[PDB]
Amino acid sequence: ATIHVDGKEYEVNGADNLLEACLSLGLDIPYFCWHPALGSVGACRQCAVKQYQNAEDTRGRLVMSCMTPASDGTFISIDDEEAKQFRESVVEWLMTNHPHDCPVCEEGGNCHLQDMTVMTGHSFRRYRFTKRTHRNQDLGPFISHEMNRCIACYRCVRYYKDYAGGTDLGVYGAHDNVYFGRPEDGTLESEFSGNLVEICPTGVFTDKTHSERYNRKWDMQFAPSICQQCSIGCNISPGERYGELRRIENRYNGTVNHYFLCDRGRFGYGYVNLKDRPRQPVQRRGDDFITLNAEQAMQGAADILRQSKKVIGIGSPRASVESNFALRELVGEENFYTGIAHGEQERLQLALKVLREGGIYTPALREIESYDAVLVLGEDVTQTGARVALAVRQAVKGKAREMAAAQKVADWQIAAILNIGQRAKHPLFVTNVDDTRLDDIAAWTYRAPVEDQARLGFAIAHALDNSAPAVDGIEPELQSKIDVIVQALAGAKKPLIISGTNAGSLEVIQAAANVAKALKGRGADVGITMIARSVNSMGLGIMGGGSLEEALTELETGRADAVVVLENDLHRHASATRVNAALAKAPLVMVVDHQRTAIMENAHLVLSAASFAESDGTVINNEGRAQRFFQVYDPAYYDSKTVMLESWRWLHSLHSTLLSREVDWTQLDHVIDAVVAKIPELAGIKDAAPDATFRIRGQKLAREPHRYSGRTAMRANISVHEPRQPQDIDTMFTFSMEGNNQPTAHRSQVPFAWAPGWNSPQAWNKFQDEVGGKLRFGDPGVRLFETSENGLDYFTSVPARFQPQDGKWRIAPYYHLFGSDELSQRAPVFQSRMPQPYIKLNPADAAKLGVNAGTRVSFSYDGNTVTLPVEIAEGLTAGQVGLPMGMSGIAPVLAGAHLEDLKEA
Amino acid sequence: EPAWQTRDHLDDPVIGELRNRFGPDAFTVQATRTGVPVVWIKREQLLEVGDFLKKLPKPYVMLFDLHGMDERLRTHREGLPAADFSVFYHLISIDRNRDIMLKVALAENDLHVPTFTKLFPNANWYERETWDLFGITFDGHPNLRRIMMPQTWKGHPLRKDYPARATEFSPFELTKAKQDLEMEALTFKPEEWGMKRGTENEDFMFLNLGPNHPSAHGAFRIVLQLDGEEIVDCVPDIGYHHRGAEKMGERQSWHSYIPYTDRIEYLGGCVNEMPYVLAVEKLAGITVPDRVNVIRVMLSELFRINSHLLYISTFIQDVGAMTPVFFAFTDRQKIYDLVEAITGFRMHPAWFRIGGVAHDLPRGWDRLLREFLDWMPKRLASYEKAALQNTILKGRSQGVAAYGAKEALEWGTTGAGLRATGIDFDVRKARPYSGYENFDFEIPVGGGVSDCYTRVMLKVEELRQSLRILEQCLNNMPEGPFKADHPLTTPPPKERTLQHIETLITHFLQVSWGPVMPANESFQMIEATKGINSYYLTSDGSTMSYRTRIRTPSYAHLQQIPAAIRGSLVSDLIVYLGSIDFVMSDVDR
Amino acid sequence: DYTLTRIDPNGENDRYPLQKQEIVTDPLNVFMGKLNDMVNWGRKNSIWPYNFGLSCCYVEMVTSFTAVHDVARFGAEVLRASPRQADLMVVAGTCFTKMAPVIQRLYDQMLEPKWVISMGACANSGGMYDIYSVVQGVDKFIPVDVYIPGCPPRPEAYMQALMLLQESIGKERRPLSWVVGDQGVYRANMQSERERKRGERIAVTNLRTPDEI
Ligand SMILES: CCCCCCCCCCC1=C(C)C(=O)C(OC)=C(OC)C1=O
Ligand SMILES: CCCCCCCCCCC1=C(C)C(=O)C(OC)=C(OC)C1=O
Ligand code: SF4
Ligand code: SF4
Ligand code: SF4
Ligand code: SF4
Ligand code: FES
Ligand SMILES: [Ca+2]
């Protein structure tokens with residue numbers, strides 16, 4: 001479409017309103033209530049522009065650009081006198097009751113309201129009367145509430161209810177006494193409530209975790225990184241100050257995680273700032289714990305490694321691609337073992353084979369919001385891959401979107417779309433061991449053991465395509481529900497099947513693959529999505545290796561007298577007693593880790609590795625996208641005795657000292673090129689980010705804003721002589737503001753969003769080709785594999801029906817967004833959010849055992865008689881015990897296992 | 001219609017003459033807030049355009065400025081030719097009282113411009129500076145070497161990819177090898193300058209006058225080739241006082257750059273502050289009220305009297321009489337008492353703001369102004385009758401280092417020298433800024449010869465006229481605001497900031513991120529204490545300056561130095577150095 | 001509570017300053033101590049500054065030289081233009097990169113005894129000019145006795161630093177003769193002025209309002 005802004009002709013998209021069309025062209029219109037993801041509601045009345053219908057028109061009409069379509073032949077004026085005075089008056093009306101709170105506000109310097117007050121040019125106060133006040137609510141450990149700063153723009157409630165699907169946030173009150181919050185005090189139990197601190201243009205909802213150790217946005221040193229708390233791989237902007245990770249901001253990736261994170265990835269970063277982390281190489285001599293620098297650690301480690309007959313390496317899915325590859329190239333191809341168990345590795349390799357060999361296109365996370373009918377098999381998505389559950393909610397509301405689009409209603413008229421699509425929504429069928437958080441929008445929820453979920457998946461695949469193997473023994477009511485699912489999936493245009501390795505069963509993934517194959521055989525645009533466990537599970541599966549049990553028996557039989565463990569606690573994937581015995585029997589345990597794990601008591605040498613905030617690397621997410629994360633800060637700038645290096649740097653220098661007796665600190669691009677040379681399946685990680693020689697017109701990319709303060713005083717307590725800024729030889733970024741962060745720079749890795757006049761997270765508008773669309777000059781990260789020309793065959797191994805055996809109890813996994821991650825649970829702020837360890841029981845099984853809700857029963861697994869209190873679960877099937885995976889003492893490897901001697905004690 | 005509006009400047013007759021000479025498809029006209037016609041011309045026609053401007057009926061006889069600009073990072077270049085670098089030539093015609101700014105666009109690989117030294121002899125140091133800081137080569141230049149940086153310097157500092165801060169590079173480690181290498185670099189090599197270090201009868205004497213000399217007014221060195229006592233040739237070596245203030249202008253916000261403007265000419269103070277804040281107000285679109293103009297005129301005339309007192313005492317000291325410097329610095333202490341009362345600081349006040357001044361006048365400033373105005377004229381008459389009417393001082397001064405109007409125009413000489421050549425060109429009258437039209441004062445001119453004595457007596461008359469201006473402004477000071485009511489006035493008034501939320505928001509975003517001045521080019525030229533000081537500010541639409549070009553008169557005077565003292569004795573050079581009114585922060589910036 | 005410095009330009013030490021400093025005790029004799037006190041008094045009550053200036057701080061220093069301040073009362077006005085005749089180098093101005101060899105040469109050309117006063121934020125640390133062409137403090141390569149914060153420090157602050165230098169000289173130990181005795185330079189580890197004045201600085205309650213004069 002063609003519009004005329006201030007006499008200048010512009011070519012815009014006619015399906016967009018005037019606000020996003022003009023913001024895409026670089027025209028600054030003030031706005032509060034409009035968001036690119038939420039839609040247009042016309043509340044704040046800030047986006048006023050003067051519209052003319054003809055080229056020869058003098059009077060015009062003040063309209064809302066967010067509510068006015070960008071049709072062909074509209075002549076709008078933004079900087080007309082009447083429009084500017086009205087926008088200034090709207091800012092003034094918002095300023096009548098706003099508190100004098102900017103110095104004591106966490107949103108100061110990051111405030112959209114401040115930016116829009118300055119942009120309209122209102123700086124004189126003529127209001128002389130009183131300002132209304134509000135009491136504040138306790139919203140939990142994550143979100144701090146300050147209701148006086150609200151401008152009643154309704155972004156919070158629109159996001160929290162119409163987007164995130166939350167139920168405990170709302171609008172209350174009246175004429176000018178509007179309150180935004182909960183009906184009482186309590187924690188916001190939505191898994192995406194952390195996005196309120198960036199959705200809210202004011203300082204009402206603030207990051208309490210950042211408010212504990214608060215610094216302003218200009219004082220933050222930012223980097224582009226990837227969230228390491230699960231497999232989705234959302235792009236984040238970690239920002240630090242004074243040597244500690246202060247905040248995790250959302251980093252816009254129009255392909256993956258555009259505007260929203262989950263609460264685990266936004267508030268689970270506190271393990272980086274733990275004081276028990278290793279900061280030097282520490283060597284154990286008997287009972288003494290001596291501290292070495294890097295060179296003596298390398299020389300001693302290489303001496304003992306040369307004095308051994310075989311060295312094995314146990315990687316981890318928590319480590320990056322480069323560190324696992326450096327371990328593999330240090331110990332050899334045959335001596336490298338993945339740190340996961342045999343069953344976890346089998347499920348992971350099956351999921352990878354389905355993804356890159358099944359012939360079915362695995363969608364990106366933004367593309368999940370366009371699929372019609374969603375079938376989740378086995379996965380508890382909202383607790384393991386929560387952002388995928390958010391995109392599933394969007395795909396479910398796609399039915400109301402298409403129904404309103406059938407009535408010539410614009411895409412951005414979100415209120416009219418929700419009015420037309422009252423409760424009609426796209427079909428969602430979730431299967432789990434219990435009730436999920438998607439059950440409010442699910443067309444059906446199947447509460448059954450994983451064998452029965454797999455059998456239901458195989459029955460769906462057989463009913464969709466008769467060539468699929470049949471399962472006999474299905475009840476007629478279950479058959480009716482199955483044919484309902486089949487009629488919903490067959491009538492869909494873009495069906496989506498979501499499974500994963502967290503269900504603890506191979507047949508669930510096989511059934512999901514068979515359903516996807518049957519949907520593809522009918523000529524449908526089927527997509528499949530596997531949810532892995534850790535951040536780099538897919539990279540570890542692609543690189544491959546032996547299981548943890550093979551490494552454990554290699555250490556136990558004595559063939560391996562030297563074990564190098566890379567960022568693994570080894571109690572998460574195997575029993576603690578067997579691991580402890582194997583590591584105590586081995587005469588050399590050398591652990592490269594950045595968190596104080598339990599196997600460091602037996603470790604003969606500990607290498608203080610760097611976490612994601614202090615290391616560069618590559619991670620492969622659940623859809624096979626190689627994403628590069630960059631270092632945020634140098635740990636040794638403030639604390640001079642800190643010897644903390646990248647794990648791939650540790651292992652590369654260790655291998656160099658092993659071979660040539662010389663210590664060699666490599667570069668990130670050298671290790672990347674080594675991965676591309678040795679592993680052809682990981683060849684796409686070279687193009688994930690450009691190398692360290694990349695420049696924007698000769699200068700590097702700045703990690704901190706141009707108004708970074710305290711340079712000559714932040715280190716003056718140590719020494720009055722300011723040292724050189726740390727040099728980044730690994731990446732194209734610099735640990736200084738002497739660099740480039742323009743919105744029009746030809747790059748894909750943006751550390752943070754700032755524009756002149758745009759200090760809020762609304763500054764991401766300047767960094768996109770169109771607002772709410774893709775990032776300018778493409779999104780970061782590339783896909784490792786394409787969709788294959790041919791697919792797999794039908795998995796004929798249909799499992800038998802789950803029969804509850806007497807005495808033995810099948811362990812049903814219960815994943816928690818706060819608690820089931822290895823590193824997020826070490827954050828001190830997650831202690832007040834993690835649920836108490838409760839074993840879930842059927843009413844019938846608890847009545848048989850004589851247990852009621854609340855009391856404690858004891859169960860023994862591998863000689864560990866541990867006692868948990870009982871919570872009654874109605875939806876759990878009989879014969880199973882519900883256990884929380886990832887908690888203290890309950891490994892995720894316990895899923896699907898047996899449980900003997902379950903007695904009340 | 002306000003004077004800060006973006007004017008296309010197609011009504012200037014010079015534009016019409018250029019159209020009728022070179023055709024209508026030979027150049028582009030850039031609409032700026034400089035108040036000067038900006039003409040983007042091709043590199044091939046640069047010398048022809050310069051010759052045409054030099055051969056006009058009322059010609060552009062002076063090269064005011066010549067410098068480069070890195071346009072690789074400039075996002076808003078609508079209506080401009082495509083360029084990775086550019087070179088601008090600011091020229092003045094005194095007869096028309098007009099300026100022009102010619103801009104030449106250069107690609108990143110083809111960074112060569114024809115030399116401008118044949119048309120204007122003062123282009124030599126400007127082209128050396130542009131090569132040193134931007135890497136732009138000038139074809140046909142006689143001796144293109146580094147003038148601000150030492151010869152063993154890698155990279156060009158004013159390029160956008162060069163790091164601005166010392167903390168980016170390694171800390172300064174002075175070793176024996178580095179000391180020897182930099183001492184060999186600092187050693188004068190007469191074969192490079194074609195000095196011809198010998199004669200059949202006798203040998204020439206190569207003497208370093210400076211950095212450590214009482215006659216040198218800073219850290220710079222003149223290398224003198226001598227026979228006996230006579231000067232054969234001089235090489236004034238500058239760059240020893242380089243603080244990187246333009247690169248610092250690219251590094252600070254618009255508000256936070258004001259103290260750095262204060263230290264450009266450290267005897268000037270508010271006189272250094274005025275052109276920068278006026279150019280920023282042109283960028284913002286701020287028209288300050290009458291009280292702001294009168295207060296700024298007050299402080300700049302006070303600091304002009306301070307600088308002239310120091311200059312006269314310094315000249316008398318270098319002639320040989322060591323007494324009047326004590327009394328002149330006592331008068332400087334009286335002015336410092338008033339300035340400490342008003343601004344709170346002695347010598348670098350940093351008191352001017354965008355849209356006004358930092359505070360209002362304190363209660364009782366007129367008492368100290370009356371005290372100084374009563375104390376001054378008797379002391380000045382005593383200085384005159386004791387030292388300035390001394391026949392030994394006249395013998396050391398009159399006829400020493402004399403030049404006419406042609407040498408003053410071809411070397412860009414401004415201030416008291418240009419008026420001492422008889423050319424009545426003062427910025428406060430020709431292009432009146434800050435409401436100088438409301439003050440009755442005279443402009444002293446010379447008889448046609450710019451002696452040391454003539455320049456000193458002209459500065460005495462300028463001091464007397466500044467006393468007259470101070471008396472007029474003391475007797476008539478308006479009762480209004482000390483800050484403008486514009487939203488971009490940085491910072492806003494303090495009490496409204498302390499008790500209103502709109503003012504608090506504006507203050508919060510103006511002192512932290514900086515005021516957002518929209519993308520435009522601005523220029524302000526003022527009459528400094530030592531000549532003409534100009535600020536040329538290119539804004540990219542951000543909160544920091546994209547380009548800050550500072551033109552200073554002491555640069556032109558020090559470049560004029562070899563052409564006016566060649567063939568004289570060293571004593572004439574000492575009197576010439578004492579009678580130029582230069583500081584070296586002014587030169588090297 | 002003393003620090004001992006021995007210098008050796010010809011020894012194996014590449015980085016400036018070419019000296020070695022340790023922490024020792026006071027070596028101080030019924031008449032040698034009194035004669036050392038007398039020569040310390042004579043040195044502290046007659047300090048001849050070097051006529052070396054870099055920037056605006058030197059302008060305030062020569063403002064201190066004039067009649068309205070009269071630093072001649074302390075006997076510190078003679079202002080020799082030669083490094084050999086000077087006893088005190090006041091680095092009053094920015095330590096530029098191109099002039100750091102010049103400053104090092106002029107410091108080498110002074111003679112024993114020598115003292116260094118850095119005047120202003122540029123001489124102390126580089127000040128406001130964290131720029132490519134400025135040495136971040138003259139104490140990177142010369143030993144500095146007294147530091148003066150300010151930009152510029154007012155002339156009375158320069159005389160205050162001169163009095164601090166006199167107090168430092170009046171209790172230091174130096175070789176009396178170059179043929180007999182130890183040649184190392186003993187300087188006192190005095191209490192800093194910040195902790196000395198913290199008692200009277202914290203107790204400040206009210207000041208005059210800025211609207212007055
Ligand atoms: C000791 C008796 C009073 C001396 C007063 C000197 C006043 C200033 C003299 C001029 C001057 C200035 C400004 C100056 O900046 C300078 O360079 C460092 C000089 O050389 C040492 C000067 O001579
Ligand atoms: C052993 C005897 C030592 C005598 C030292 C005399 C030092 C000079 C004092 C007089 C003086 C002279 C000659 C002098 O040259 C001078 O410089 C202008 C002075 O003012 C700063 C003086 O006060
Ligand atoms: S929400 Fe924004 S405008 Fe309101 S007090 Fe906080 S920083 Fe100031
Ligand atoms: S709390 Fe924030 S997001 Fe919600 S209406 Fe108020 S200003 Fe808008
Ligand atoms: S969904 Fe996973 S990758 Fe994304 S923010 Fe949450 S924990 Fe991090
Ligand atoms: S500290 Fe200030 S007054 Fe002293 S030399 Fe530096 S800029 Fe000049
Ligand atoms: S943005 Fe249009 S009314 Fe709020
Ligand atoms: Ca690194």
# chains A, B, ... in the order shown; residues from 1 in each chain; ligands from 1
$ interface_residues --of "chain B" --to "chain A" --cutoff "8 Å" --atoms "only C-alpha atoms" --output "ChimeraX atom specification"
/B:72-73,75,160-164,167-171,251,487-488,499-506,508-509,512-513,516,541-543
$ write_last_selection --atoms "N, CA, C and O atoms" --output "short mmCIF file (atom, residue, chain, number, x, y, z; two decimals), in the first residue's frame"
data_model
loop_
_atom_site.label_atom_id
_atom_site.label_comp_id
_atom_site.auth_asym_id
_atom_site.auth_seq_id
_atom_site.Cartn_x
_atom_site.Cartn_y
_atom_site.Cartn_z
N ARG B 72 31.68 7.40 7.34
CA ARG B 72 31.35 5.98 7.23
C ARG B 72 30.25 5.58 8.21
O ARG B 72 29.49 4.65 7.94
N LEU B 73 30.16 6.27 9.34
CA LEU B 73 29.22 5.93 10.40
C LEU B 73 28.01 6.86 10.42
O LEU B 73 27.19 6.77 11.34
N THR B 75 24.55 7.81 9.58
CA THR B 75 23.35 7.14 9.09
C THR B 75 22.46 8.08 8.29
O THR B 75 21.92 7.69 7.25
N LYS B 160 36.85 6.58 12.67
CA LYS B 160 35.83 6.04 13.55
C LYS B 160 36.25 4.71 14.18
O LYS B 160 35.84 4.40 15.30
N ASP B 161 37.06 3.92 13.47
CA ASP B 161 37.49 2.63 14.00
C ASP B 161 38.65 2.74 14.98
O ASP B 161 38.99 1.74 15.62
N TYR B 162 39.25 3.92 15.12
CA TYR B 162 40.34 4.08 16.07
C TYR B 162 39.79 4.24 17.49
O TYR B 162 38.82 4.97 17.69
N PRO B 163 40.38 3.56 18.47
CA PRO B 163 39.88 3.68 19.85
C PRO B 163 40.17 5.06 20.43
O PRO B 163 41.26 5.61 20.26
N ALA B 164 39.19 5.60 21.15
CA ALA B 164 39.31 6.95 21.67
C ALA B 164 40.07 7.02 22.99
O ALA B 164 40.83 7.96 23.21
N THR B 167 42.60 3.79 27.96
CA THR B 167 42.38 2.50 28.59
C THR B 167 42.14 1.39 27.57
O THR B 167 42.27 0.22 27.92
N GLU B 168 41.77 1.74 26.34
CA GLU B 168 41.67 0.75 25.28
C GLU B 168 43.04 0.18 24.93
O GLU B 168 43.19 -1.04 24.77
N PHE B 169 44.04 1.04 24.82
CA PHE B 169 45.40 0.61 24.55
C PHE B 169 46.08 0.20 25.85
O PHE B 169 45.54 0.37 26.95
N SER B 170 47.28 -0.36 25.72
CA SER B 170 48.07 -0.71 26.89
C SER B 170 48.48 0.56 27.64
O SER B 170 48.64 1.62 27.02
N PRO B 171 48.60 0.50 28.96
CA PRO B 171 49.05 1.67 29.72
C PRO B 171 50.46 2.07 29.33
O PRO B 171 51.27 1.25 28.90
N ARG B 251 33.09 11.45 22.00
CA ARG B 251 33.03 10.51 23.10
C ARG B 251 32.14 10.96 24.25
O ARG B 251 31.71 10.11 25.04
N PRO B 487 12.11 22.50 25.73
CA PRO B 487 12.24 21.17 26.35
C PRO B 487 13.65 20.59 26.29
O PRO B 487 13.97 19.73 27.12
N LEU B 488 14.48 21.03 25.36
CA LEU B 488 15.85 20.53 25.23
C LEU B 488 16.85 21.34 26.04
O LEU B 488 18.06 21.12 25.89
N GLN B 499 10.80 19.04 42.33
CA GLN B 499 9.43 18.87 42.79
C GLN B 499 8.39 18.60 41.70
O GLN B 499 7.19 18.56 42.01
N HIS B 500 8.78 18.39 40.44
CA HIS B 500 7.84 18.01 39.39
C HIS B 500 8.35 16.78 38.67
O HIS B 500 9.56 16.62 38.47
N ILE B 501 7.43 15.90 38.26
CA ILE B 501 7.83 14.62 37.69
C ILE B 501 8.21 14.75 36.21
O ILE B 501 9.10 14.04 35.74
N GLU B 502 7.59 15.66 35.46
CA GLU B 502 8.00 15.90 34.08
C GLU B 502 9.41 16.45 34.02
O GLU B 502 10.24 16.00 33.22
N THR B 503 9.70 17.42 34.88
CA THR B 503 11.03 18.01 34.95
C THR B 503 12.05 16.99 35.46
O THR B 503 13.19 16.97 34.99
N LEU B 504 11.64 16.14 36.40
CA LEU B 504 12.51 15.07 36.88
C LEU B 504 12.84 14.08 35.77
O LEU B 504 13.98 13.63 35.65
N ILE B 505 11.85 13.74 34.94
CA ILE B 505 12.07 12.82 33.83
C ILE B 505 13.03 13.43 32.81
O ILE B 505 13.96 12.77 32.33
N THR B 506 12.81 14.70 32.48
CA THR B 506 13.66 15.38 31.51
C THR B 506 15.09 15.50 32.02
O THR B 506 16.05 15.25 31.27
N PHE B 508 16.48 13.48 34.29
CA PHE B 508 16.99 12.12 34.38
C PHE B 508 17.51 11.64 33.03
O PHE B 508 18.60 11.06 32.93
N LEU B 509 16.75 11.90 31.96
CA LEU B 509 17.18 11.43 30.66
C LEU B 509 18.16 12.38 29.98
O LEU B 509 18.80 11.98 29.00
N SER B 512 21.77 11.56 32.02
CA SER B 512 22.28 10.20 31.93
C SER B 512 22.61 9.78 30.51
O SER B 512 23.78 9.56 30.18
N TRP B 513 21.60 9.71 29.65
CA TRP B 513 21.86 9.35 28.26
C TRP B 513 22.31 10.56 27.45
O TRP B 513 23.12 10.41 26.53
N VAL B 516 18.86 14.46 23.12
CA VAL B 516 18.83 13.97 21.75
C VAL B 516 18.64 15.17 20.84
O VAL B 516 17.54 15.71 20.70
N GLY B 541 21.80 12.75 15.05
CA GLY B 541 20.52 12.46 15.66
C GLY B 541 20.61 11.73 16.98
O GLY B 541 19.57 11.36 17.53
N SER B 542 21.81 11.52 17.50
CA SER B 542 22.03 10.80 18.74
C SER B 542 22.31 11.78 19.87
O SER B 542 22.16 13.00 19.71
N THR B 543 22.70 11.25 21.02
CA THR B 543 22.99 12.06 22.20
C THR B 543 24.45 12.47 22.28
O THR B 543 24.84 13.14 23.24
#
$ interface_residues --of "chain C" --to "chain A" --cutoff "9 Å" --atoms "only C-alpha atoms" --output "list in words"
residues 125, 136, 137 and 140 of chain C
$ write_last_selection --atoms "C-alpha atoms" --output "short mmCIF file (atom, residue, chain, number, x, y, z; two decimals), in the first residue's frame"
data_model
loop_
_atom_site.label_atom_id
_atom_site.label_comp_id
_atom_site.auth_asym_id
_atom_site.auth_seq_id
_atom_site.Cartn_x
_atom_site.Cartn_y
_atom_site.Cartn_z
CA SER C 125 45.96 10.47 36.65
CA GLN C 136 47.34 8.56 32.36
CA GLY C 137 49.33 10.18 35.14
CA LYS C 140 53.62 6.09 35.40
#
$ residues_around --residues "region 224-238 of chain B" --least-positions-apart "3" --cutoff "7 Å" --atoms "only C-alpha atoms" --output "PyMOL selection string"
chain B and resi 147-148+204-208+220-221+562+566-570+588
$ select_by_dssp --residues "region 98-174 of chain C" --states "strand (DSSP E or B)" --output "compact mmCIF listing (two decimals) with N, CA and C atoms, in the first residue's frame"
# COMPACT_ATOMS: atom_id res chain seq x y z
N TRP C 115 62.63 16.79 44.00
CA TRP C 115 61.29 16.44 44.46
C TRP C 115 60.31 16.72 43.33
N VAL C 116 59.21 15.98 43.32
CA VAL C 116 58.22 16.06 42.25
C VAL C 116 56.85 16.35 42.85
N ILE C 117 56.22 17.41 42.36
CA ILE C 117 54.85 17.74 42.70
C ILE C 117 54.04 17.67 41.42
N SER C 118 53.08 16.75 41.37
CA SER C 118 52.13 16.67 40.27
C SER C 118 50.96 17.58 40.60
N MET C 119 50.67 18.53 39.70
CA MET C 119 49.64 19.53 39.91
C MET C 119 48.50 19.27 38.94
N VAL C 134 47.40 10.96 25.68
CA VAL C 134 47.70 11.48 27.01
C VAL C 134 48.15 10.33 27.90
N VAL C 146 54.40 14.75 45.85
CA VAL C 146 53.13 15.34 46.28
C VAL C 146 52.16 15.38 45.11
N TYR C 147 50.90 15.06 45.37
CA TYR C 147 49.82 15.14 44.39
C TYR C 147 48.84 16.24 44.77
N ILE C 148 48.41 17.02 43.78
CA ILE C 148 47.38 18.04 44.01
C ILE C 148 46.16 17.77 43.14
N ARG C 173 65.55 11.29 55.39
CA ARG C 173 66.98 11.07 55.56
C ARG C 173 67.63 10.91 54.19
$ closest_residue --among "B:35, B:395, B:249, B:239" --to "chain C" --atoms "only C-alpha atoms"
B:239
$ interface_residues --of "chain B" --to "chain C" --cutoff "7 Å" --atoms "only C-alpha atoms" --output "PyMOL selection string"
chain B and resi 150+164-166+172-176+179+182-183+212+214+218-219+240-244+266+326+329-330+341+362-364
